[PDB]
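The file my_file-v1.pdb comes next; it holds PDB, C-alpha atoms.
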```pdb
ATOM      1  CA  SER M   1     113.111  98.076 172.302
ATOM      2  CA  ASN M   2     113.311 100.687 169.541
ATOM      3  CA  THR M   3     116.474 102.247 168.202
ATOM      4  CA  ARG M   4     116.184 105.645 166.539
ATOM      5  CA  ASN M   5     117.254 106.121 162.983
ATOM      6  CA  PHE M   6     119.302 109.060 161.794
ATOM      7  CA  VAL M   7     120.349 110.518 158.480
ATOM      8  CA  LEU M   8     123.783 111.535 157.342
ATOM      9  CA  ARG M   9     124.187 115.041 156.066
ATOM     10  CA  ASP M  10     126.830 116.024 153.535
ATOM     11  CA  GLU M  11     128.937 119.157 153.035
ATOM     12  CA  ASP M  12     125.985 121.220 151.806
ATOM     13  CA  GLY M  13     123.455 119.768 154.200
ATOM     14  CA  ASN M  14     122.591 117.103 151.634
ATOM     15  CA  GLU M  15     121.605 113.650 152.821
ATOM     16  CA  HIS M  16     122.891 110.087 152.812
ATOM     17  CA  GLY M  17     122.144 106.591 154.083
ATOM     18  CA  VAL M  18     119.886 105.919 157.047
ATOM     19  CA  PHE M  19     121.989 105.474 160.164
ATOM     20  CA  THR M  20     120.660 104.307 163.523
ATOM     21  CA  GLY M  21     121.467 104.154 167.183
ATOM     22  CA  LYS M  22     119.879 104.221 170.614
ATOM     23  CA  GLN M  23     121.659 107.556 170.891
ATOM     24  CA  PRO M  24     123.024 110.042 168.278
ATOM     25  CA  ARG M  25     126.594 109.148 169.285
ATOM     26  CA  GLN M  26     126.080 105.681 167.807
ATOM     27  CA  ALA M  27     125.014 106.992 164.407
ATOM     28  CA  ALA M  28     128.100 109.148 164.950
ATOM     29  CA  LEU M  29     130.266 106.189 165.956
ATOM     30  CA  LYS M  30     129.162 104.531 162.733
ATOM     31  CA  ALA M  31     129.917 107.877 161.169
ATOM     32  CA  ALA M  32     133.459 107.770 162.462
ATOM     33  CA  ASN M  33     134.170 104.359 160.912
ATOM     34  CA  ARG M  34     133.028 106.035 157.651
ATOM     35  CA  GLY M  35     136.164 107.446 156.068
ATOM     36  CA  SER M  36     138.362 110.348 157.098
ATOM     37  CA  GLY M  37     138.288 109.366 160.727
ATOM     38  CA  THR M  38     141.537 110.854 161.907
ATOM     39  CA  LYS M  39     142.384 112.513 165.205
ATOM     40  CA  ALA M  40     144.362 115.145 163.331
ATOM     41  CA  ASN M  41     141.164 116.212 161.586
ATOM     42  CA  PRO M  42     138.112 114.008 162.341
ATOM     43  CA  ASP M  43     135.724 113.205 159.521
ATOM     44  CA  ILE M  44     133.168 115.909 160.135
ATOM     45  CA  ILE M  45     129.842 114.171 160.172
ATOM     46  CA  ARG M  46     126.342 115.450 160.463
ATOM     47  CA  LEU M  47     123.604 113.348 161.914
ATOM     48  CA  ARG M  48     119.959 114.211 161.725
ATOM     49  CA  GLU M  49     117.444 112.765 164.114
ATOM     50  CA  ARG M  50     114.480 111.309 162.293
ATOM     51  CA  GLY M  51     112.642 112.465 165.378
ATOM     52  CA  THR M  52     113.937 115.885 166.449
ATOM     53  CA  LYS M  53     114.765 118.739 164.103
ATOM     54  CA  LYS M  54     118.193 118.978 165.646
ATOM     55  CA  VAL M  55     121.151 118.266 163.437
ATOM     56  CA  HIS M  56     123.535 116.547 165.786
ATOM     57  CA  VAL M  57     127.056 117.250 164.618
ATOM     58  CA  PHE M  58     129.983 115.419 165.988
ATOM     59  CA  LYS M  59     133.570 115.179 164.774
ATOM     60  CA  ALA M  60     134.443 111.599 164.145
ATOM     61  CA  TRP M  61     137.759 109.848 163.980
ATOM     62  CA  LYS M  62     139.405 106.507 164.522
ATOM     63  CA  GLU M  63     142.369 105.579 166.561
ATOM     64  CA  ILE M  64     143.765 102.095 166.241
ATOM     65  CA  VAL M  65     145.064 102.230 169.764
ATOM     66  CA  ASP M  66     144.565 100.827 173.255
ATOM     67  CA  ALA M  67     147.789  99.438 174.653
ATOM     68  CA  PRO M  68     146.939  96.869 177.337
ATOM     69  CA  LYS M  69     146.745  97.528 180.991
ATOM     70  CA  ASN M  70     144.386  94.703 181.854
ATOM     71  CA  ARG M  71     143.525  93.549 178.309
ATOM     72  CA  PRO M  72     143.179  89.992 176.911
ATOM     73  CA  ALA M  73     146.088  88.316 175.216
ATOM     74  CA  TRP M  74     144.377  88.322 171.811
ATOM     75  CA  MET M  75     143.696  92.021 172.388
ATOM     76  CA  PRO M  76     146.893  93.828 171.166
ATOM     77  CA  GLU M  77     148.317  97.271 172.087
ATOM     78  CA  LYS M  78     145.786  98.946 169.965
ATOM     79  CA  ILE M  79     142.394  98.142 168.434
ATOM     80  CA  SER M  80     139.897  99.479 165.970
ATOM     81  CA  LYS M  81     138.176 102.409 167.580
ATOM     82  CA  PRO M  82     135.938 105.007 166.042
ATOM     83  CA  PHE M  83     135.760 107.932 168.447
ATOM     84  CA  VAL M  84     133.318 110.810 168.228
ATOM     85  CA  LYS M  85     132.741 113.926 170.293
ATOM     86  CA  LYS M  86     130.042 116.491 169.571
ATOM     87  CA  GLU M  87     131.491 119.911 168.845
ATOM     88  CA  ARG M  88     128.104 121.668 168.648
ATOM     89  CA  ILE M  89     124.544 121.247 167.438
ATOM     90  CA  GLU M  90     122.886 122.327 164.198
ATOM     91  CA  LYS M  91     119.237 122.917 163.369
ATOM     92  CA  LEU M  92     116.642 121.586 160.968
ATOM     93  CA  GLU M  93     114.142 124.114 159.649
TER      94      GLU M  93
END
```
Starting from the file, lay out its structure as structure tokens.
Amino acid sequence: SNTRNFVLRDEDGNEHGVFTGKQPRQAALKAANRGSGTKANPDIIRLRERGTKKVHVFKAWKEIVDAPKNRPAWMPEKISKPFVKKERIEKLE
């Protein structure tokens, strides 16, 4: 029933708002939606588990796309999508 909180690291390793997610890729998904989420150069985002000393580090972008195969009528040829993959993993102390 619990969802684990995360923290957003900056360019220096600094810290930001408390993110959450049942899995680090959620915190990351909500890190994609954050700003420079582009597939040309995803908004590099650093998550930090408030449990493990493992700085999860994904690259996070958005693509307003998803042209319909079997989609609903109201659902266009694209949609708001924050996409994140993890390129590696960083470490807390």
Taking the file as shown, what set of residues would the PyMOL selection byres ((chain M and resi 59) around 10) give back, as a tab-separated table (two decimals) with C-alpha atoms, in the frame of the given file?
```
chain	number	residue	atom	x	y	z
M	28	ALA	CA	128.10	109.15	164.95
M	29	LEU	CA	130.27	106.19	165.96
M	31	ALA	CA	129.92	107.88	161.17
M	32	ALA	CA	133.46	107.77	162.46
M	37	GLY	CA	138.29	109.37	160.73
M	38	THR	CA	141.54	110.85	161.91
M	39	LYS	CA	142.38	112.51	165.20
M	41	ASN	CA	141.16	116.21	161.59
M	42	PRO	CA	138.11	114.01	162.34
M	43	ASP	CA	135.72	113.20	159.52
M	44	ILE	CA	133.17	115.91	160.14
M	45	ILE	CA	129.84	114.17	160.17
M	46	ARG	CA	126.34	115.45	160.46
M	57	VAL	CA	127.06	117.25	164.62
M	58	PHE	CA	129.98	115.42	165.99
M	60	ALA	CA	134.44	111.60	164.14
M	61	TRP	CA	137.76	109.85	163.98
M	83	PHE	CA	135.76	107.93	168.45
M	84	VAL	CA	133.32	110.81	168.23
M	85	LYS	CA	132.74	113.93	170.29
M	86	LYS	CA	130.04	116.49	169.57
M	87	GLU	CA	131.49	119.91	168.84
M	88	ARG	CA	128.10	121.67	168.65
```
Distance of atom CA of residue M:81 from atom CA of residue M:55, expressed in Å to one decimal place: 23.6 Å
Expansion of the PyMOL selection byres ((chain M and resi 78) around 12) into residues, as a ChimeraX atom specification: /M:62-69,71-77,79-81
Go ahead and write the residues just picked, C-alpha atoms, as a JSON list (two decimals), keeping the file's coordinate frame.
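The file below, out03.json, is the result:
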```json
[["chain", "number", "residue", "atom", "x", "y", "z"],
["M", 62, "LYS", "CA", 139.40, 106.51, 164.52],
["M", 63, "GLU", "CA", 142.37, 105.58, 166.56],
["M", 64, "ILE", "CA", 143.76, 102.10, 166.24],
["M", 65, "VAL", "CA", 145.06, 102.23, 169.76],
["M", 66, "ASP", "CA", 144.56, 100.83, 173.26],
["M", 67, "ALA", "CA", 147.79, 99.44, 174.65],
["M", 68, "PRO", "CA", 146.94, 96.87, 177.34],
["M", 69, "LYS", "CA", 146.74, 97.53, 180.99],
["M", 71, "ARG", "CA", 143.52, 93.55, 178.31],
["M", 72, "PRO", "CA", 143.18, 89.99, 176.91],
["M", 73, "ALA", "CA", 146.09, 88.32, 175.22],
["M", 74, "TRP", "CA", 144.38, 88.32, 171.81],
["M", 75, "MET", "CA", 143.70, 92.02, 172.39],
["M", 76, "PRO", "CA", 146.89, 93.83, 171.17],
["M", 77, "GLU", "CA", 148.32, 97.27, 172.09],
["M", 79, "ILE", "CA", 142.39, 98.14, 168.43],
["M", 80, "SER", "CA", 139.90, 99.48, 165.97],
["M", 81, "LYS", "CA", 138.18, 102.41, 167.58]]
```
Between atom CA of residue M:33 and atom CA of residue M:3 - distance in Å to one decimal: 19.3 Å
Shell of 6 Å around residue M:4, all atoms listed in the file, local chain residues under 5 positions omitted, as an MDAnalysis selection string: chainID M and resid 20:22
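As for atom CA of residue M:9 and atom CA of residue M:34, they are spaced 12.7 Å apart.
With all atoms listed in the file as the atoms that count, the minimum distance from residue M:56 to the choices M:93, M:7, M:24, M:70 is reached by M:24.
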Hits of the PyMOL selection byres ((chain M and resi 18) around 6) in this structure, as a PyMOL selection string: chain M and resi 6-7+17+19
Please dump the current selection as a compact mmCIF listing (two decimals), in the frame of the given file; keep C-alpha atoms.
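Writing done, so here's again.txt:
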```txt
# COMPACT_ATOMS: atom_id res chain seq x y z
CA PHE M 6 119.30 109.06 161.79
CA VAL M 7 120.35 110.52 158.48
CA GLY M 17 122.14 106.59 154.08
CA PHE M 19 121.99 105.47 160.16
```
